[PDB]
Amino acid sequence: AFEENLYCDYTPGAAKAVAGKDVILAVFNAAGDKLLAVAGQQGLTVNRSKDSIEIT
Amino acid sequence: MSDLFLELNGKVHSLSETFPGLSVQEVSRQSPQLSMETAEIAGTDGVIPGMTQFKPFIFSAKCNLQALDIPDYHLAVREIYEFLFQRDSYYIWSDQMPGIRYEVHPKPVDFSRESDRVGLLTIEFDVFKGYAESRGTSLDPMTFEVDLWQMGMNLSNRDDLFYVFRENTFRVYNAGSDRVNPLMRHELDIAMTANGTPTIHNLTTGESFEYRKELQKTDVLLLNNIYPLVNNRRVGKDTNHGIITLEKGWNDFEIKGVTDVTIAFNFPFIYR
């Protein structure tokens, strides 16, 4: 972690990646007062799509 | 790039320029609706054709409107509906063929809302005369600076075309696809000034217009459609009531009974 960072670049500039275990989905309960993370999540996918209109 | 020009109240409006959010995608024109006046005799085969006629047809323009927001979309739709639909018929033409114009009436066309800000449209104009006509009449010079003539208007690339004559025998070239007949609600004007008793003969058609009074050089004889006048005064009682017509291509004209003839033809070309 020293020697002028000649071979070990310890400067944090960007994550360059995010572990999938770090991003989780939670929901608001019926009362909406407390957030609850769903128990035992293993896979999450978020799909966003936009339609295309042809004006050729 | 495609655009549509509308002549309304003597003003030329570009559809794209008037409405920035509206752009013309494509234009198209229905083929001439030929119709033969069939007569059937029972027991025989086929029909006996009468005189071929042409029914009114449709000129279509596919376009789209892209607005900034929903209130802008509604306002643009309302303004387009106000602009397109008028009390009386107007004129339209396109960038693709800017030398040919149609006298049309709009038809009911509904906006197809695809998203919150975009809407497709297919405007349809009914042309009821059954034919298309040139933007300029025969009196307009065939010069580049007039910016009126285009290719494909049947202009003869073998000889000069002028419609003002100073002699008693000449040729006039009707470049249209139809025989110009004022009885068929066609536009045709003749202005002749001369001295004597005049008589105009269309040899190719075989027609003859006869005026039975002396004329001076200061008096202009004007035949508009089916009305002959001198100094804008109806003199139909003093004529033979004949009317001349312009056949397709060249027509040989001969003028008898007057001298120092100055005759000018003013008519549009009939296309289809």
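Here, each number is a calculation from the coordinates, and none is a lab measurement. Positions of Cβ are generated from backbone atoms using ideal geometry, with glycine treated the same way; all protein chains shown enter the neighbour counts.
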Cα-based shape type of chain A, given that a ≥ b ≥ c are square roots of the gyration tensor eigenvalues and the cut on a/c is 1.5: oblate
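Using helices alone, I'd like the mean residue ellipticity at 222 nm for the protein assembly as shown: each DSSP H run of four-plus residues gives -39500 (n - 2.57), total over residue count, nearest 500.
Numbers: 2 runs with 19 residues, N = 328.
Estimated from H runs of four or more residues: -1500 deg cm²/dmol.
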The stretch B:173-229 versus chain A: alpha-carbon centroid distance in Å: 87
Per the Debye formula with a single identical scatterer at each Cα and no solvent contribution, what log10 I(q)/I(0) holds for the stretch B:83-203 at q = 0.11, 0.16 Å⁻¹? -0.58, -0.99
Which three extents, in whole angstrom, do the alpha-carbon atoms of the stretch B:1-132 cover along their principal axes, largest first? 67, 32, 29
Using the Kirkwood radius over Cα pairs, work out the Stokes-Einstein diffusion coefficient for the stretch B:210-252 at 20 °C and 1.002 mPa s, in µm²/s as a whole number. 183
Diffing the stretch B:243-253: the Karplus 3J(HN,Hα) column from phi (6.51, -1.76, 1.60, θ = phi - 60°), in whole Hz with x for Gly and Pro, holds 10, 8, 9, 9, 6, 5, x, 8, 10, 8, 10
Could you list the trypsin sites (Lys or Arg not before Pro) in the stretch A:1-38 that lie in coil according to DSSP, counting only those with at most 10 other Cβ atoms within 10 Å of their Cβ? A:16, A:34
With Cα coordinates, the longest principal axis of chain B makes an angle with the long axis of helix B:70-84, in degrees rounded to 10, of 10
Over the stretch B:128-272, what is the relative contact order in percent, taking alpha-carbon pairs closer than 8 angstrom and at least six residues apart? 39
For B:270, B:70, order by how many other beta-carbon atoms lie within 10 Å, fewest first: B:70, B:270
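Determine the shielding of peptide A:49-56 by partner chains: average, over its residues, the number of Cβ atoms on other chains within 10 angstrom of each Cβ.
Taking the mean over all residues of the peptide, I get 4.
Given axes a ≥ b ≥ c from the Cα gyration tensor, I'd like to know whether the protein assembly as shown is rounded (a/c under 1.5), prolate (a/b larger than b/c) or oblate.
Judged from the Cα gyration tensor, the protein assembly as shown comes out prolate (a/c at least 1.5, a/b above b/c).
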Report D for the stretch B:153-272 in µm² per second (integer): Stokes-Einstein, Kirkwood Rh on Cα pairs, 20 °C, 1.002 mPa s. 147
Could you list B:41, B:58, B:92 so that the one with the fewest beta carbons within 10 Å of its beta carbon is first and the one with the most is last? B:41, B:58, B:92
How crowded by other chains is B:114-127, given as the mean number of beta carbons from other chains within 10 Å of each beta carbon? 1
Based on the Kirkwood radius over alpha-carbon pairs, what is the Stokes-Einstein translational diffusion coefficient of the stretch B:176-231 at 4 °C with 1.567 mPa s viscosity, in µm²/s? 104
Amide H of residue B:107 versus every other amide H placed in the peptide plane: which residues, excluding those fewer than 5 positions away on the same chain, fall under 5 Å? B:124, B:126
Quick one: which residues, 5+ away or cross-chain, put their amide H under 5 Å from the amide H of residue B:171? H built at 1.01 Å from N. B:253
Pop out the Kirkwood hydrodynamic radius of chain B from its pairwise C-alpha distances, inverse of mean 1/r, in Å to one decimal. 21.7
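Taking the beta-carbon count within 10 Å as an exposure proxy, list B:149, B:250, B:93 from fewest neighbours to most.
Ranking B:149, B:250, B:93 by Cβ neighbours within 10 Å, fewest first, gives B:250, B:149, B:93.
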